[PDB]
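Following this message is one structure expressed as structure tokens.
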Amino acid sequence: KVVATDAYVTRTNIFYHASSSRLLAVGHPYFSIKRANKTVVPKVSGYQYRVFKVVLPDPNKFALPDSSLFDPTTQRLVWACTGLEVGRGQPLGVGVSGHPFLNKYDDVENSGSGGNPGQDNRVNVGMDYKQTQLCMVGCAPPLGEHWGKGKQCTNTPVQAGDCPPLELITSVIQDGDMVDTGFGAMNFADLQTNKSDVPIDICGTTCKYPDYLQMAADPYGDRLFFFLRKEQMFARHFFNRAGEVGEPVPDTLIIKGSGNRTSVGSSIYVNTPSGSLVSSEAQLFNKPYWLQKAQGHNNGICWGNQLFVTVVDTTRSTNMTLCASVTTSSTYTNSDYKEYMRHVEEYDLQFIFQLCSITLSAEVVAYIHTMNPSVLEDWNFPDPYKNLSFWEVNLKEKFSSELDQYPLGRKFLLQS
Amino acid sequence: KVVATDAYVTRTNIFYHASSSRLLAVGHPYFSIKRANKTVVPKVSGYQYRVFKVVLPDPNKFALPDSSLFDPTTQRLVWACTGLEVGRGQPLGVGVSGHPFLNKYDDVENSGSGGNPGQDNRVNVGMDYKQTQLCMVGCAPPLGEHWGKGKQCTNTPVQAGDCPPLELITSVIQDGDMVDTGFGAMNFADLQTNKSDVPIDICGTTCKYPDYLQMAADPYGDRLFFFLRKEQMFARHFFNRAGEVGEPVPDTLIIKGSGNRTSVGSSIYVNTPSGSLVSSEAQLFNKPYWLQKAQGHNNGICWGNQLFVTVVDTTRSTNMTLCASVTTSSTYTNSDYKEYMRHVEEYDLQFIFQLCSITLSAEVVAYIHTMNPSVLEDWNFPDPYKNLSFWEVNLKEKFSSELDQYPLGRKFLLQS
Amino acid sequence: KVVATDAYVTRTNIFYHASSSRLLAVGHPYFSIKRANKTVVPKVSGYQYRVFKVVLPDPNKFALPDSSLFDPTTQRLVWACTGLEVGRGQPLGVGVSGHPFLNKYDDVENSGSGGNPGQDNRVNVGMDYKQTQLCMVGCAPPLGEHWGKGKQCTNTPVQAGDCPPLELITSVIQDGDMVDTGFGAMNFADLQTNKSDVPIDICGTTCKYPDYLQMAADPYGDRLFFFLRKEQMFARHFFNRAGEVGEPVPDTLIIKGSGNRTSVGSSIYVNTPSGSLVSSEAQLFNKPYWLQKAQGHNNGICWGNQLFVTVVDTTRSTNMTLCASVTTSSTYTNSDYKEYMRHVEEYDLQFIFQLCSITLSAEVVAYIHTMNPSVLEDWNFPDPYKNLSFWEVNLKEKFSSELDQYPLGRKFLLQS
Amino acid sequence: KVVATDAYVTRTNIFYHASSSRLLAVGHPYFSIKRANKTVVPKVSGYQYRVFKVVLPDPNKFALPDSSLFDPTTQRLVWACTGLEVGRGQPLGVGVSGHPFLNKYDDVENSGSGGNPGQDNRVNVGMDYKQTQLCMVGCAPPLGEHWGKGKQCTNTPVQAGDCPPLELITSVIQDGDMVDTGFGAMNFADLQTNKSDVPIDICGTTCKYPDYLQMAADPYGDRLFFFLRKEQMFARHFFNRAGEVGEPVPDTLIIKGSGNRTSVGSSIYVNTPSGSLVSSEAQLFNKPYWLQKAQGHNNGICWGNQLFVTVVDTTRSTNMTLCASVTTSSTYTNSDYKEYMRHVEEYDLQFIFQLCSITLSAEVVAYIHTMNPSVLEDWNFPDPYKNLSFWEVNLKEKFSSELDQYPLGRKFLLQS
């Protein structure tokens, strides 16, 4: 029913280079400030899904150097991705997170022994998240999972704020989506009501993880080409949350009684993860990548002149601290100064592409129509993607066949 | 007496794919909650054995594409296991256990408090277990052991809370059993009467270990095909337990005298194990496997027309925090906030199988009858395991010969 | 003077397998308890040298499958070691020890207290050792060296608690000996009098190390066939030793002055070792080994018709907690619970030997007489070992000519 | 437009050795001390860039041992750098910095103490940096990115203490600059107003990280021949910052109320980077480095008769503490003792160089004139960098062809 793409497509001996030049993202690492609903400084963090929608030149109307090979009848031209390059330029740095109002009341390890200060309140606490190093390339945007509060419970329950059902919501991973965490990839804006169980960056958003199961389980494999993953975490401190337990522990396991007791502690225990050491040797970027054979039936074919590259990197997530003076004084005064958190994130996207052709037969037309008809009216023989927000890059009028003028071209001519 | 399975079976070049699709397991990570004497939410944790009884159709009545090679007389068909994929889909995360009342008398790491305890010194303390990865595959379910209260003491001794005898008790691992921590493989319900010397998750239960010796010591090798384990742990903090010691240290080894002393301290020394860091490179799942050579005399042949695969993993076993609001107020009170734990765990079972035949001879009949006669009534030429609670999964009517439509089939054709 | 074995031995193509079956050991880790002066429970710990003394069948009187190769005149045949496997099966776990009264004066990581102690500034302190793995094999037991007090010092001195002389006492090893920690191979029963500077499990006796630079210097190589060892060692806490300093620091290096000073504090600085993590790639266990070419002049020769295998591994040596009820009360009380420390330890020895023969010339007879005459009266062409305590194990009448029924046999016949 | 150097140049079989001998540097590592407004002790630190201008003799003016290959007409001779060696000679040591008056508000990790800050809450803090090994070489001075204050604020704003426009500035690296640490490559002297939020060594100066992206995207790659980096870092503490928050947290994300609140805690969260372990396999120095194919189109051709090397090696950068006695007394009084604090670093620069000829064709002359006019008036067929502070080293009249009498030369002749 479904056949590999290389059975019908044809690879030519034509290679072009594209470069995104300098890409910069500067903004506050925790929340997007806006004065009179005008976001001057948006959300910019090293803990952010970077989804780049690359638009491509039409190979059919492009100034092809050898138009003799091309035939307007029964032959169309598409771009095929060959090599990729993600140019990080910022130095190494671990991001810092936290929240001033969090439920950090007992230190179970008893080195600190916080002892749950009196009355229901909060306290300031901060930590770092895990080392996450992920990159994805594809002709379709990635799909990732997260659990959340979906449909209500079975039958007709009567309750007031009990445990909701858990549903595996699978959503397209767009720019503005929050990375996985050691606290679980939930919809904390809705599922969590305190807005105080996690640091400020993830309390009002929806963390989600790429569900590789459905990702690879696609019949056509349009949603992936190849994935690179490195993850590192280890729990550095153990603690509990306050509040009451709606699912109490049975008495059959715990013996209670006597003074200084008969009130059980919280059965809710979580941790603070840490990434430990970063290194340049463990880096997966600033190095050429070659697409020998994709796992799915899509050997780098960019249908519809659209490309999707998503990266998350924590090695370049260092948080910048700024200070300024309102006034000045003879002595050091706390009132004269204002403090700001600014984050930067630098990107280069460098690509080498190979020209691809196709011969139109009746079964070929039927297959290419069944898998996607939108491209079929594109070649002219309501995209839902306009609603979602991505980081768009335009690589039109930037393709160059003079690949020897670029370092990626040199590395490409090094091997074949 | 015992001959290799390769002597009599015949391997044919017919291969079939199986996929159990999106398998889910959501439940409370510490204990199985009971509401109205029924398991509304069962206990699901990453610290728990996952025992997968996968059932397969009858090849004798299966609609084979080529039945001409088959003979209804002196030939039967049975699948042979060829390739495994256990598709965990979780973000890599570590879980937390603990006890609100554990025998945590005093930390002893650098300094010690006064010797003799008071009435009740049993405090809130949490921890995490050792880092475990384990996969077992075979046709017969594994047997594992734990240290338990065996038969009563020899001769006729009279006792009152004396030390019970230790017995290496052997039982088949069923689903619901939980993985060995850094504490020790034993029965906490029987051999421990405190119920306050271990975190609450395994305080009432038993944790067991695979007997790779007696797996190997079996004559036919039906209890394994291959096994992979990766285990790491280091001790973090040391402490002592309250209560008197049944075996005081001899006076020939210690000198007592005067005040603040002549009262022996706690001789109990127990640790806080930790799983250290986790990395994607040390992960031993989510990668294709090939059965080249079984150590025993069962090269993937699924006797009984079924297969047993058991996995444990803690790298993808983060805990999940769930809060709702019973009420609300103008200010912040946890009286308006109710708390829960949940844990999710997902699996794909991507299997590839080889079709095989047998030349049924008289000596072959005798040998196959001696190793297991149950299959001899099965081909038609009282299971005690029905009492045991497994994780049954059905892959009948889900096989396919068109292996190119599946991700594992591409790797299968990639090699050989 | 001493010639290699390979000149005169004759290796036939005959291989045998022996199985030691399930060997178990239970006992208290710190001291052997004695009730009415009998060993009710032996001292069993994971920090104990395991010296398995394997007795072998008489090969000349053994029932050979083909005895026509052998000639009773001018020829004798003995066993030859080829492949040994140590089947551990305990879950991975670190042993934690300590001393209920340890001479711990002050912490010196970051801050020091007053240097002058009181009458007894001694506290319960618990700690772990290094992690060690040691395996060696041979036909004679190894020699452990340790520094100790031997004869009197030089001249004829009269002294009151002066420093005893240090002698490198080399004694034969035995089962139940203590492994070396970071504190060194020390005869604590003699040179140490406090009995309060080192934890319980090794304070009452002497620990030893193998003399590799004597065994290599031995002309025979009888004790060693090969050895594999791993040591991991890192210091976590530093501390000072209370008590009077028998060697006061010279005034040339230290300038004293003013109040709360001019009295030299504790000038002794010893550390707390630890073994850090235990990783599943770091054991020398549960994997076969092939004797290719021994370093010594004994190519697996079972001289004396006996075998000596010495192993120790603290990686699978966690301590087991035992708590029992004496009465039943409504609340939790300390006096209603009895506590015990019990440790378990299991082994299986998988052996495969080669059948080797000797041509008996007069030069050969004289040479082997110079090697070990006891075997010469054994063939009939006062052992001091009976005084010491070895783990005697009988492998007689357990042989097997076939190797296809044993996993060690399969792993052997996979190669060559 | 631009072609590779190896297309037109011709290589000869002549090699010459260059040795910088002992290059020593001693100086105060935090700031240069000045008396009478002169730099008696320059600021010399292990976290400072080492930028060496290697000056070379003219091959055109050199007295060649073989001038037969030379032709004064249409042929100019230039040096070509082939082999590199940075001879460090210091024992390994961690660099340490700190600051006596830093806005170390509150240690926040294990718990927090939210209180109203006073006028001053600064405390002395000690801190290490990220561990960094880096060598850059070429014929053009390498640059680096650093963040700073760009143009004035957009629109027509009136403000007193707002966040300034933060802009990337590309600045060429000179000697005396400091390597980036965990706090970010930027100008603290202008943008950090307190002069107190970092250690004093990086308060009034600017650390800047070299931009590999402009070493790649340049049309010639003159700034870089080949580069080595190895950088490791991990966090050890978390703390917030004193002073007002000029960008307050949004109200819809944080719930606040009741007593002890309506005065928010410090939302600024930062960290303590550290270099972790430094090992003897970690150094990418004290070893020969051979050029075979530079990434750009400049294969070791040092244009302008000059050589550029910039290194940072913080691994062996332990700090110097020196004692002296202004006076003396009977007892230890601090006023008798004065302390100075320094830093020492040593370098050798072992080079092997190669000669290349070139045919001065008219199109080649035009290509080099577009490449560089300075070499055109150099050969005789206004450096802007004279203002900058460099480390000039004179390798003129030091070359030799007796490579057997030198270490690196015999490494070179050991193969090819």
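Labels A, B, C and D are assigned to the chains in the order they are written; within every chain, residues are numbered from 1.
Convention: a residue touches a chain if its C-beta (ideal position, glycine included) is under 8 Å from a C-beta of that chain, and two chains touch if they have at least 3 such contacts.
J.: I'd like to know which pair from C-D, A-B or B-D copies the A-D interface, where a copy means over half of the contact pairs are the same by residue number.
T.: Equivalent contacts to A-D are found in A-B.
J.: How big is the gap, in whole Å, between where the Cα atoms of chain B centre and where those of chain C centre?
T.: The computed centroid separation for chain B versus chain C comes out at 33 Å.
J.: Using Cα averages as centroids, what's the distance between chain A and chain C in whole Å?
T.: Roughly 53 Å, centre to centre.
J.: Note the residues in chain A that touch 2 or more other chains, in rising order.
T.: 111, 121, 194, 196, 255-256, 258, 261, 276
J.: Determine the shape of the graph in which chains are vertices and touching pairs are edges (line, ring, star, complete, other).
T.: complete
J.: Quick one: which chain pairs are touching?
T.: Going through each pair of chains, those in contact are A-B, A-C, A-D, B-C, B-D, C-D.
J.: Note which residues of chain B are touching chain C in the complex, please.
T.: Residue positions touching the partner: 1-4, 101, 108-112, 115, 117, 119-122, 130, 147, 160-164, 166, 168, 180, 182-186, 191-194, 196-197, 209, 211-214, 216, 219, 229-235, 238-247, 249-250, 252-255, 257-258, 260-261, 264-271, 273, 276, 293, 295-297.
J.: Note which residues of chain C are touching chain B in the complex, please.
T.: Going through chain C, the ones touching chain B are 22, 24, 26, 28, 30-31, 33, 41, 87, 89-94, 96-98, 100-101, 104, 107, 119-120, 122-128, 194-196, 200, 203-204, 237, 239, 274-281, 286, 318-326, 331-335, 337-342, 344, 346, 348, 404-405, 407, 410-411, 414.
J.: Quick check on the complex: what are the chain B residues that touch chain D?
T.: 330-332
J.: In the complex, go through chain D and note every residue touching chain B.
T.: Interface residues on the chain D side: 255-258.
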